[PDB]
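*Asks:*
Chains as they are written, first to last, in PDB author numbering: chain B, 355 to 451; chain A, 174 to 210, 216 to 332; chain E, 402 to 406.
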């Protein structure tokens, strides 16, 4: 009979890269969470999760820090995800009606 | 916030090459936010509410934890991974929002929980109820202190 | 303003 590796079928989205800082707007919240919610609410109907995380990556790559007079003005962030998924992950929201 | 539903036709043409994901609830979701400690995480409240709303709209039963020590996070994540509902759901979500360092996140006590320990709680050996089911983790935490200054596009 | 997590 088929056995499993110890760990599989996980996907992990990270707000930032190894060694770096993730950015948070003191009023509006974290760049990564804001992007994640915008993409997932808009696209979970027809896009799988790894593909939605790619759209999140695009949003995060484009954003820049607004913090004049500190080391964070115009700063950047890049998100990433790692995957041991073995299938498309569609959330199929609101199905069946 | 609103989540547009998939069409019956989308489901019919995609379900065969995707993870089974039709249980109601779709899964349990845990949103664990640490805001009070390492500086106060202003805006962390907005992140927390945003995800709770999002996962509820995506059809998840959402559990919430706030301002936990590293030991409490470990204990409560393990409790969550061991819930019986995982056998009858199709997927799982865990979101962790805090300060962190590469491979670890901070509890409110300034002690570290290693992410490898977190993932292990949900693996095939320790969480047999989620075997072969997709498990999503979203980690909002720094992975180092280096600020990215950005580079000019040539 | 933007700050580091």
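Virtual Cβ for every residue (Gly too), placed ideally from N, Cα, C.
Name the chain E residues that come within less than 8 Å of residue 228/A, Cβ to Cβ?
*Replies:* To locate residue 228/A, count along the second chain from 1; it is residue 50. Chain-ordered listing is empty here: chain E has no CB closer than 8 Å to the CB of residue 228/A, the nearest sitting near 15 Å.
*Asks:* Among 382/B, 403/B and 431/B, whose alpha-carbon lies nearest the alpha-carbon of residue 328/A?
*Replies:* As a working mapping, residue 328/A is identified with position 150 in the second chain. The candidate whose alpha carbon is nearest that of residue 328/A is 431/B.
*Asks:* List the residues that DSSP assigns as beta-bridge partners of residue 304/A.
*Replies:* On the second chain, position 126 is the one that residue 304/A refers to. Note: residue 304/A sits in no beta bridge, so no partner.
*Asks:* Say whether the region 298-315 of chain A touches the region 239-247 of chain A, bearing in mind that this needs 3 or more beta-carbon pairs closer than 8 Å, one atom from each stretch.
*Replies:* no
*Asks:* Residue 373/B to residue 226/A, Cα distance in whole Å?
*Replies:* Residue 373/B sits at position 19 when you count from the first residue of the first chain. Residue 226/A sits at position 48 when you count from the first residue of the second chain. Taking the straight line from one Cα to the other gives about 24 Å.
*Asks:* Could one say the Cβ of residue 320/A lies closer than 8 Å to chain E's Cβ atoms, at least one of them?
*Replies:* To locate residue 320/A, count along the second chain from 1; it is residue 142. Yes - at least one Cβ of chain E is within 8 Å of the one on residue 320/A.
*Asks:* Counting only beta-carbon atoms, is residue 432/B nearer than 8 Å to chain E?
*Replies:* The residue you call residue 432/B lines up with position 78 of the first chain. Not closer than 8 Å to any Cβ of chain E, the Cβ of residue 432/B fails to qualify, so no.
*Asks:* With distance defined between alpha-carbon atoms, name the residue in 392/B, 433/B, 381/B and 399/B nearest to residue 451/B.
*Replies:* Taking the first residue of the first chain as 1, we reach residue 451/B at position 97. Checking every option, the nearest Cα to that of residue 451/B belongs to 399/B.
*Asks:* Report the CB separation of residue 293/A from residue 283/A in whole angstroms; it is logged as a contact under 8 Å.
*Replies:* To locate residue 293/A, count along the second chain from 1; it is residue 115. To locate residue 283/A, count along the second chain from 1; it is residue 105. Rounded, the Cβ-Cβ distance is 7 Å, consistent with contact.
*Asks:* What residue range is occupied by the uninterrupted alpha helix (DSSP H) comprising residue 190/A?
*Replies:* Counting from one through the second chain, the residue named residue 190/A turns up at place 17. In the DSSP assignment, residue 190/A falls outside any alpha helix (DSSP H), carrying neither H nor E.
*Asks:* Which whole-angstrom value is the C-beta distance of residue 394/B and residue 195/A, which I expect to be below 8 Å?
*Replies:* As a position in the first chain, residue 394/B is number 40, starting the count at 1. As a position in the second chain, residue 195/A is number 22, starting the count at 1. At roughly 18 Å, the Cβ-Cβ gap does not stay under 8 Å, so residue 394/B and residue 195/A are not in contact.
*Asks:* Straight-line CA distance for residue 426/B to residue 356/B?
*Replies:* Sequence index remark: in the first chain, residue 426/B carries index 72 (1-based). Sequence index remark: in the first chain, residue 356/B carries index 2 (1-based). Linking residue 426/B to residue 356/B through their CA atoms gives a straight-line distance of about 51 Å.
*Asks:* Applying the criterion that 16 or more other CB atoms from any shown protein chain within 10 Å of the CB defines a buried residue, is residue 223/A buried or exposed?
*Replies:* In the second chain, counting from the first residue as 1, residue 223/A sits at position 45. The residue is exposed, with fewer than 16 neighbouring Cβ atoms inside 10 Å.
*Asks:* How would you list, in chain order, the residues of chain A whose beta-carbon sits under 7 Å from the beta-carbon of residue 444/B?
*Replies:* Stepping through the first chain from its first residue, residue 444/B is reached at position 90. What residue 444/B touches in chain A: 187, 191 and 194.
*Asks:* Does any C-beta atom of chain E lie closer than 8 Å to the C-beta of residue 389/B?
*Replies:* For this step, residue 389/B is matched to residue 35 along the first chain. Not one chain E Cβ lies under 8 Å of residue 389/B.
*Asks:* Any beta carbon of chain A sitting closer than 8 Å to that of residue 420/B?
*Replies:* What you label residue 420/B is simply residue 66 of the first chain in a count that begins at 1. Not a single C-beta of chain A is nearer than 8 Å to the C-beta of residue 420/B.
*Asks:* Let me see if you follow: with CB-CB separation under 8 Å, is residue 400/B close to chain A or not?
*Replies:* On the first chain, position 46 is the one that residue 400/B refers to. So, interface residue.
*Asks:* Our contact map puts residue 441/B next to residue 238/A with C-beta atoms below 8 Å; I'd like the distance itself, whole angstroms only.
*Replies:* Residue mapping note: residue 441/B aligns to position 87 of the first chain, counting from 1. Residue mapping note: residue 238/A aligns to position 60 of the second chain, counting from 1. Incorrect: roughly 19 Å between the Cβ atoms, too far for contact.
*Asks:* Compare the beta carbon distance of residue 369/B and residue 433/B with 8 Å and say whether it is the shorter of the two.
*Replies:* Sequence index remark: in the first chain, residue 369/B carries index 15 (1-based). Sequence index remark: in the first chain, residue 433/B carries index 79 (1-based). Against a cut-off of 8 Å, the Cβ pair of residue 433/B and residue 369/B comes out as a contact.
*Asks:* Taking Cβ positions, are residue 443/B and residue 365/B nearer each other than 8 Å?
*Replies:* Counting from one through the first chain, the residue named residue 443/B turns up at place 89. Counting from one through the first chain, the residue named residue 365/B turns up at place 11. Yes, these two residues count as a Cβ contact at 8 Å.
*Asks:* With DSSP run on the structure shown, which of helix, strand or coil describes residue 432/B?
*Replies:* Numbered from its first residue, the first chain carries residue 432/B at position 78. It is coil, neither helix nor strand.
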